[PDB]
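Have a look at upload-v2.txt below; it lists compact mmCIF, N, CA, C and O atoms.
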```txt
# COMPACT_ATOMS: atom_id res chain seq x y z
N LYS A 1 45.42 88.57 75.53
CA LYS A 1 46.54 87.71 75.80
C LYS A 1 46.87 88.00 77.24
O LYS A 1 46.54 89.10 77.70
N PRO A 2 47.50 87.09 78.00
CA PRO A 2 47.78 87.30 79.44
C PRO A 2 48.91 88.34 79.69
O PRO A 2 49.94 88.06 80.31
N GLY A 3 48.69 89.51 79.15
CA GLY A 3 49.53 90.65 79.32
C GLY A 3 49.16 91.68 78.29
O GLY A 3 50.02 92.36 77.74
N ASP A 4 47.87 91.76 78.00
CA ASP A 4 47.35 92.68 76.99
C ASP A 4 46.74 93.88 77.65
O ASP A 4 46.14 93.76 78.71
N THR A 5 46.81 94.99 76.98
CA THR A 5 46.34 96.22 77.49
C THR A 5 44.88 96.44 77.08
O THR A 5 44.57 96.55 75.88
N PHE A 6 44.02 96.47 78.04
CA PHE A 6 42.64 96.71 77.79
C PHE A 6 42.15 97.87 78.63
O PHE A 6 42.26 97.86 79.87
N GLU A 7 41.73 98.93 77.98
CA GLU A 7 41.12 100.01 78.69
C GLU A 7 39.68 99.65 79.03
O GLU A 7 38.77 99.78 78.21
N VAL A 8 39.53 99.11 80.20
CA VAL A 8 38.27 98.67 80.70
C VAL A 8 37.40 99.85 81.13
O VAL A 8 37.88 100.83 81.71
N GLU A 9 36.14 99.76 80.79
CA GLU A 9 35.17 100.72 81.20
C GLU A 9 34.50 100.17 82.43
O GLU A 9 33.61 99.32 82.33
N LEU A 10 34.96 100.57 83.56
CA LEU A 10 34.44 100.05 84.76
C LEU A 10 33.38 101.00 85.28
O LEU A 10 33.67 102.13 85.69
N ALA A 11 32.16 100.55 85.24
CA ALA A 11 31.05 101.34 85.63
C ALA A 11 30.71 101.09 87.06
O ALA A 11 30.62 99.94 87.51
N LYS A 12 30.57 102.15 87.78
CA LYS A 12 30.18 102.08 89.17
C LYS A 12 28.67 102.04 89.25
O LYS A 12 27.99 102.88 88.66
N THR A 13 28.16 101.07 89.96
CA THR A 13 26.73 100.96 90.14
C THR A 13 26.25 101.98 91.19
O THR A 13 25.24 102.65 90.99
N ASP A 14 27.01 102.12 92.27
CA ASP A 14 26.70 103.10 93.29
C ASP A 14 27.88 103.30 94.20
O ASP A 14 28.55 104.33 94.14
N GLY A 15 28.18 102.28 94.98
CA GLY A 15 29.20 102.36 96.00
C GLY A 15 30.59 102.14 95.49
O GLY A 15 31.27 101.18 95.92
N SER A 16 31.01 103.00 94.58
CA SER A 16 32.34 103.07 93.99
C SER A 16 32.73 101.80 93.21
O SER A 16 31.86 100.96 92.91
N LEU A 17 33.99 101.71 92.82
CA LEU A 17 34.48 100.55 92.12
C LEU A 17 34.50 99.35 93.06
O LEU A 17 34.68 99.50 94.27
N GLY A 18 34.34 98.19 92.49
CA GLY A 18 34.35 96.97 93.27
C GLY A 18 35.73 96.39 93.38
O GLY A 18 35.90 95.30 93.91
N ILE A 19 36.71 97.10 92.91
CA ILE A 19 38.04 96.59 92.95
C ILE A 19 38.84 97.22 94.02
O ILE A 19 38.88 98.44 94.18
N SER A 20 39.43 96.38 94.78
CA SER A 20 40.32 96.78 95.81
C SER A 20 41.68 96.61 95.21
O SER A 20 42.07 95.50 94.85
N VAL A 21 42.37 97.68 95.04
CA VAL A 21 43.64 97.62 94.39
C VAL A 21 44.76 97.93 95.34
O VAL A 21 44.56 98.54 96.39
N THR A 22 45.91 97.48 94.99
CA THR A 22 47.09 97.75 95.69
C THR A 22 48.01 98.27 94.62
O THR A 22 47.72 98.10 93.45
N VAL A 23 49.04 98.92 94.99
CA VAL A 23 49.98 99.36 94.01
C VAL A 23 50.76 98.13 93.53
O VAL A 23 50.66 97.73 92.37
N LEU A 24 51.47 97.55 94.43
CA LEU A 24 52.15 96.33 94.24
C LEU A 24 52.65 95.89 95.58
O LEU A 24 53.32 96.65 96.28
N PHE A 25 52.29 94.72 95.96
CA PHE A 25 52.83 94.12 97.14
C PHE A 25 54.12 93.44 96.74
O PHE A 25 54.13 92.47 95.97
N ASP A 26 55.21 94.03 97.18
CA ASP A 26 56.55 93.64 96.77
C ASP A 26 56.92 92.22 97.14
O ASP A 26 57.26 91.91 98.28
N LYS A 27 56.80 91.37 96.18
CA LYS A 27 57.21 89.98 96.24
C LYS A 27 57.91 89.72 94.93
O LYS A 27 58.01 88.59 94.45
N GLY A 28 58.42 90.80 94.38
CA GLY A 28 59.02 90.80 93.09
C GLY A 28 58.09 91.44 92.10
O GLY A 28 57.77 92.64 92.20
N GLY A 29 57.58 90.64 91.20
CA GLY A 29 56.67 91.11 90.21
C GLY A 29 56.14 89.96 89.39
O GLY A 29 56.92 89.15 88.88
N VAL A 30 54.83 89.91 89.23
CA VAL A 30 54.18 88.82 88.48
C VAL A 30 54.28 89.02 86.96
O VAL A 30 53.76 88.23 86.18
N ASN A 31 54.95 90.08 86.57
CA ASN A 31 55.20 90.41 85.16
C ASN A 31 56.26 91.49 85.06
O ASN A 31 57.01 91.54 84.09
N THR A 32 56.32 92.34 86.05
CA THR A 32 57.28 93.41 86.06
C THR A 32 58.04 93.47 87.39
O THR A 32 57.50 93.90 88.41
N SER A 33 59.25 92.96 87.39
CA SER A 33 60.09 93.00 88.57
C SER A 33 61.18 94.05 88.40
O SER A 33 61.41 94.90 89.28
N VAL A 34 61.81 94.04 87.23
CA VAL A 34 62.86 94.99 86.92
C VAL A 34 62.23 96.33 86.55
O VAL A 34 62.83 97.39 86.73
N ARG A 35 61.01 96.25 86.10
CA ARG A 35 60.25 97.40 85.74
C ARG A 35 59.39 97.77 86.93
O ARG A 35 59.13 96.93 87.79
N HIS A 36 59.02 99.02 87.01
CA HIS A 36 58.14 99.50 88.05
C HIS A 36 56.75 98.89 87.92
O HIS A 36 56.29 98.57 86.81
N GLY A 37 56.11 98.73 89.03
CA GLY A 37 54.78 98.25 89.02
C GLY A 37 53.83 99.40 88.84
O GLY A 37 54.22 100.56 89.00
N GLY A 38 52.63 99.10 88.48
CA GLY A 38 51.65 100.12 88.33
C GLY A 38 50.74 100.07 89.49
O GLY A 38 51.07 100.56 90.56
N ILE A 39 49.63 99.44 89.28
CA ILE A 39 48.64 99.20 90.29
C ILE A 39 48.11 97.80 90.01
O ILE A 39 48.17 97.35 88.88
N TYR A 40 47.73 97.08 91.01
CA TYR A 40 47.16 95.76 90.81
C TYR A 40 45.88 95.60 91.54
O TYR A 40 45.73 96.05 92.67
N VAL A 41 44.94 94.95 90.90
CA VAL A 41 43.71 94.62 91.54
C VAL A 41 44.00 93.48 92.48
O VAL A 41 44.43 92.41 92.06
N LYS A 42 43.82 93.73 93.72
CA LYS A 42 44.10 92.78 94.73
C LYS A 42 42.91 91.87 94.91
O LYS A 42 43.06 90.65 95.08
N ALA A 43 41.72 92.44 94.79
CA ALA A 43 40.49 91.70 95.04
C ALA A 43 39.27 92.43 94.50
O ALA A 43 39.34 93.64 94.23
N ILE A 44 38.18 91.71 94.38
CA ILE A 44 36.91 92.26 93.97
C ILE A 44 35.91 92.08 95.12
O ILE A 44 35.73 90.98 95.66
N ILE A 45 35.34 93.17 95.52
CA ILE A 45 34.35 93.24 96.54
C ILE A 45 33.08 93.54 95.80
O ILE A 45 33.10 94.48 95.03
N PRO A 46 31.98 92.74 96.03
CA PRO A 46 30.71 92.79 95.30
C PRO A 46 30.42 94.05 94.48
O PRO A 46 31.04 94.23 93.41
N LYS A 47 29.45 94.86 94.93
CA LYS A 47 29.04 96.11 94.27
C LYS A 47 28.31 95.80 92.97
O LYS A 47 27.10 95.99 92.83
N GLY A 48 29.07 95.28 92.08
CA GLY A 48 28.76 95.02 90.74
C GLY A 48 30.07 95.25 90.05
O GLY A 48 31.05 94.52 90.32
N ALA A 49 30.11 96.20 89.18
CA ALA A 49 31.33 96.77 88.66
C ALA A 49 32.26 95.76 87.96
O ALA A 49 31.90 95.21 86.93
N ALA A 50 33.39 95.47 88.58
CA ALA A 50 34.43 94.64 87.97
C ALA A 50 33.98 93.21 87.82
O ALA A 50 34.23 92.58 86.76
N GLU A 51 33.31 92.72 88.85
CA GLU A 51 32.82 91.38 88.89
C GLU A 51 31.62 91.21 87.98
O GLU A 51 31.46 90.18 87.32
N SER A 52 30.79 92.25 87.93
CA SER A 52 29.57 92.25 87.14
C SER A 52 29.91 92.32 85.68
O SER A 52 29.42 91.53 84.87
N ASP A 53 30.77 93.26 85.32
CA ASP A 53 31.24 93.41 83.95
C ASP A 53 32.03 92.17 83.60
O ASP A 53 32.06 91.70 82.46
N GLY A 54 32.67 91.62 84.63
CA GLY A 54 33.38 90.38 84.53
C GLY A 54 34.67 90.49 83.80
O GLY A 54 35.06 89.57 83.09
N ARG A 55 35.34 91.61 83.95
CA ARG A 55 36.60 91.79 83.22
C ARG A 55 37.76 91.59 84.15
O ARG A 55 38.69 90.83 83.87
N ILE A 56 37.68 92.26 85.26
CA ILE A 56 38.75 92.32 86.19
C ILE A 56 38.63 91.24 87.25
O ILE A 56 37.52 90.95 87.75
N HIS A 57 39.75 90.65 87.56
CA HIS A 57 39.83 89.64 88.58
C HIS A 57 40.94 90.08 89.56
O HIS A 57 41.51 91.16 89.42
N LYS A 58 41.26 89.22 90.48
CA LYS A 58 42.17 89.51 91.59
C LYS A 58 43.65 89.44 91.17
O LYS A 58 44.50 88.91 91.92
N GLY A 59 43.98 89.98 90.03
CA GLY A 59 45.36 89.96 89.63
C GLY A 59 45.67 90.75 88.39
O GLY A 59 46.81 90.71 87.92
N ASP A 60 44.70 91.48 87.86
CA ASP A 60 44.93 92.26 86.65
C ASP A 60 45.76 93.50 86.96
O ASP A 60 45.63 94.10 88.05
N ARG A 61 46.62 93.87 86.03
CA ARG A 61 47.53 94.97 86.22
C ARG A 61 46.87 96.25 85.76
O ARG A 61 46.29 96.30 84.71
N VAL A 62 46.99 97.26 86.54
CA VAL A 62 46.45 98.55 86.23
C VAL A 62 47.61 99.41 85.84
O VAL A 62 48.59 99.54 86.58
N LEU A 63 47.53 99.94 84.67
CA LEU A 63 48.56 100.77 84.14
C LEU A 63 48.19 102.21 84.36
O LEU A 63 49.04 103.04 84.70
N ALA A 64 46.92 102.51 84.19
CA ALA A 64 46.47 103.87 84.26
C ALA A 64 44.97 103.98 84.41
O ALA A 64 44.26 102.98 84.42
N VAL A 65 44.51 105.20 84.51
CA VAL A 65 43.11 105.55 84.54
C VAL A 65 42.89 106.49 83.36
O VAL A 65 43.46 107.57 83.33
N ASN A 66 42.13 106.04 82.36
CA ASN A 66 41.82 106.78 81.10
C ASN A 66 43.04 107.43 80.45
O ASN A 66 42.95 108.49 79.83
N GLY A 67 44.17 106.76 80.52
CA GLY A 67 45.38 107.31 79.93
C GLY A 67 46.26 108.07 80.91
O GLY A 67 47.38 108.46 80.56
N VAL A 68 45.78 108.32 82.12
CA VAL A 68 46.59 108.98 83.13
C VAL A 68 47.40 107.89 83.81
O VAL A 68 46.88 107.16 84.67
N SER A 69 48.63 107.74 83.36
CA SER A 69 49.52 106.67 83.79
C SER A 69 49.78 106.69 85.29
O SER A 69 50.22 107.69 85.84
N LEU A 70 49.52 105.57 85.93
CA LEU A 70 49.73 105.42 87.35
C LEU A 70 51.10 104.80 87.58
O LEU A 70 51.23 103.61 87.91
N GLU A 71 52.10 105.57 87.31
CA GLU A 71 53.47 105.13 87.43
C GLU A 71 54.14 105.84 88.57
O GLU A 71 54.45 107.04 88.47
N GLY A 72 54.32 105.15 89.66
CA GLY A 72 54.92 105.75 90.81
C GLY A 72 53.86 106.24 91.75
O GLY A 72 54.06 107.19 92.51
N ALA A 73 52.72 105.61 91.68
CA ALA A 73 51.60 105.93 92.51
C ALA A 73 51.48 104.87 93.53
O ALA A 73 51.81 103.74 93.27
N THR A 74 51.06 105.22 94.69
CA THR A 74 50.72 104.23 95.66
C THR A 74 49.25 103.89 95.42
O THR A 74 48.55 104.66 94.70
N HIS A 75 48.77 102.78 95.96
CA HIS A 75 47.39 102.34 95.75
C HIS A 75 46.36 103.41 96.03
O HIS A 75 45.41 103.58 95.26
N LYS A 76 46.58 104.18 97.08
CA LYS A 76 45.69 105.26 97.45
C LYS A 76 45.59 106.30 96.34
O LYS A 76 44.51 106.75 96.03
N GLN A 77 46.70 106.62 95.70
CA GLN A 77 46.71 107.68 94.69
C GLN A 77 45.97 107.23 93.45
O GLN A 77 45.26 108.02 92.79
N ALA A 78 46.11 105.95 93.14
CA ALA A 78 45.37 105.35 92.07
C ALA A 78 43.87 105.48 92.34
O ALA A 78 43.12 106.01 91.53
N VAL A 79 43.46 105.04 93.53
CA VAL A 79 42.06 105.06 93.95
C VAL A 79 41.55 106.51 94.11
O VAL A 79 40.37 106.79 93.92
N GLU A 80 42.44 107.43 94.42
CA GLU A 80 42.06 108.82 94.51
C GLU A 80 41.64 109.32 93.15
O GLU A 80 40.65 110.03 93.01
N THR A 81 42.36 108.88 92.14
CA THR A 81 42.08 109.21 90.77
C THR A 81 40.79 108.47 90.34
O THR A 81 39.97 108.99 89.57
N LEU A 82 40.58 107.30 90.91
CA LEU A 82 39.41 106.48 90.66
C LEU A 82 38.20 107.03 91.39
O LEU A 82 37.07 106.60 91.16
N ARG A 83 38.42 107.96 92.28
CA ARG A 83 37.34 108.60 92.96
C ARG A 83 37.05 109.94 92.29
O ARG A 83 35.93 110.43 92.30
N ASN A 84 38.10 110.54 91.72
CA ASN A 84 37.97 111.78 90.94
C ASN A 84 37.16 111.53 89.69
O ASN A 84 36.46 112.42 89.18
N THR A 85 37.25 110.33 89.19
CA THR A 85 36.48 109.90 88.07
C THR A 85 35.03 109.61 88.52
O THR A 85 34.80 109.13 89.65
N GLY A 86 34.08 109.90 87.65
CA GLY A 86 32.68 109.85 88.00
C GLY A 86 32.06 108.46 88.10
O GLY A 86 32.50 107.61 88.89
N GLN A 87 31.05 108.24 87.29
CA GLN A 87 30.24 107.04 87.33
C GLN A 87 30.90 105.90 86.61
O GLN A 87 30.93 104.78 87.10
N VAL A 88 31.42 106.16 85.46
CA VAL A 88 32.11 105.14 84.75
C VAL A 88 33.54 105.56 84.55
O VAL A 88 33.83 106.67 84.07
N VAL A 89 34.42 104.73 85.00
CA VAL A 89 35.81 105.03 84.96
C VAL A 89 36.46 104.17 83.92
O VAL A 89 36.14 102.99 83.78
N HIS A 90 37.33 104.74 83.20
CA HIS A 90 38.08 104.03 82.22
C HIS A 90 39.42 103.77 82.83
O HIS A 90 40.06 104.68 83.31
N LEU A 91 39.83 102.55 82.87
CA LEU A 91 41.13 102.24 83.38
C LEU A 91 41.91 101.51 82.34
O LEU A 91 41.36 100.71 81.60
N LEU A 92 43.16 101.78 82.28
CA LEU A 92 44.01 101.16 81.33
C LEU A 92 44.65 100.00 82.06
O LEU A 92 45.43 100.22 82.98
N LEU A 93 44.28 98.80 81.72
CA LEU A 93 44.81 97.63 82.39
C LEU A 93 45.59 96.75 81.46
O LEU A 93 45.59 96.95 80.26
N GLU A 94 46.24 95.78 82.04
CA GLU A 94 46.92 94.71 81.38
C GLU A 94 46.45 93.45 82.04
O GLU A 94 46.19 93.45 83.25
N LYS A 95 46.29 92.39 81.28
CA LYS A 95 45.90 91.11 81.86
C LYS A 95 46.91 90.63 82.86
O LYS A 95 48.09 90.52 82.55
N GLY A 96 46.44 90.36 84.04
CA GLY A 96 47.31 89.88 85.06
C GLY A 96 47.16 88.40 85.27
O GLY A 96 46.60 87.70 84.41
N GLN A 97 47.58 87.92 86.40
CA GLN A 97 47.54 86.52 86.70
C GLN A 97 46.59 86.32 87.85
O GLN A 97 46.49 87.18 88.73
N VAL A 98 45.93 85.21 87.88
CA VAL A 98 44.95 84.96 88.89
C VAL A 98 45.55 84.13 90.03
O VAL A 98 46.58 83.45 89.83
N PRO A 99 44.99 84.23 91.24
CA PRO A 99 45.46 83.49 92.40
C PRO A 99 44.95 82.05 92.39
O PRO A 99 43.80 81.80 92.79
```
Translate the structure described by the file into structure tokens.
Amino acid sequence: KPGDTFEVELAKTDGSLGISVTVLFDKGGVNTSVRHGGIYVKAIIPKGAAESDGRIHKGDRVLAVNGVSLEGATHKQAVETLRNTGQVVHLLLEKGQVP
């Protein structure tokens, strides 16, 4: 559903995740304005990964990484955790909105 939680198994082919995420670019919130934002996939850069698996698009909400809630994280901290994770990263997402 367009706000469902899916722990996506995002497998890195080589050059890290294909998702360029932001924490939240403050323009309110595409689902959570009164609530804190998590992390958002801003875009997909080739690689494979998100685009290849075909789950994540340029607007899905990232809640966490394998249950490690990204609440109050800046985009870098999210990605730092996404770099601490190995070849296949599990991310806890919610369906976002597309551009």
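Between CA of residue 21 (chain A) and CA of residue 58 (chain A) lies a distance of 8.7 Å.
Note that CA of residue 29 (chain A) and CA of residue 80 (chain A) are 23.4 Å apart.
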Item checked: Neighbour list for region 34-51 of chain A as number ranges by chain, cut-off 7 Å, only N, CA, C and O atoms, skip fewer than 6 positions in-chain -> A: 9-24, 28, 57-64, 70-75, 97
Notebook entry, point to check: Tell me, which residues of region 21-55 of chain A carry DSSP helix (DSSP H, G or I), written as a PyMOL selection string?
Noted result: chain A and resi 49-53
Keeping only N, CA, C and O atoms, write the selected residues as a short mmCIF file (atom, residue, chain, number, x, y, z; two decimals), keeping the file's coordinate frame.
```
data_model
loop_
_atom_site.label_atom_id
_atom_site.label_comp_id
_atom_site.auth_asym_id
_atom_site.auth_seq_id
_atom_site.Cartn_x
_atom_site.Cartn_y
_atom_site.Cartn_z
N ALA A 49 30.11 96.20 89.18
CA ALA A 49 31.33 96.77 88.66
C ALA A 49 32.26 95.76 87.96
O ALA A 49 31.90 95.21 86.93
N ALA A 50 33.39 95.47 88.58
CA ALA A 50 34.43 94.64 87.97
C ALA A 50 33.98 93.21 87.82
O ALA A 50 34.23 92.58 86.76
N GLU A 51 33.31 92.72 88.85
CA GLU A 51 32.82 91.38 88.89
C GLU A 51 31.62 91.21 87.98
O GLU A 51 31.46 90.18 87.32
N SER A 52 30.79 92.25 87.93
CA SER A 52 29.57 92.25 87.14
C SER A 52 29.91 92.32 85.68
O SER A 52 29.42 91.53 84.87
N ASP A 53 30.77 93.26 85.32
CA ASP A 53 31.24 93.41 83.95
C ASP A 53 32.03 92.17 83.60
O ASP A 53 32.06 91.70 82.46
#
```
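The smallest atom-to-atom distance between residue 31 (chain A) and any of A:67, A:54, A:99, A:2, using only N, CA, C and O atoms, is found for A:2.
CA of residue 96 (chain A) lies 8.5 Å from CA of residue 4 (chain A).
Counting all atoms listed in the file, the residue from A:32, A:66, A:5, A:52 that sits nearest to residue 89 (chain A) is A:66.
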Item checked: Shell of 7 Å around residue 3 (chain A), all atoms listed in the file, local chain residues under 5 positions omitted, as a PyMOL selection string -> chain A and resi 93-96
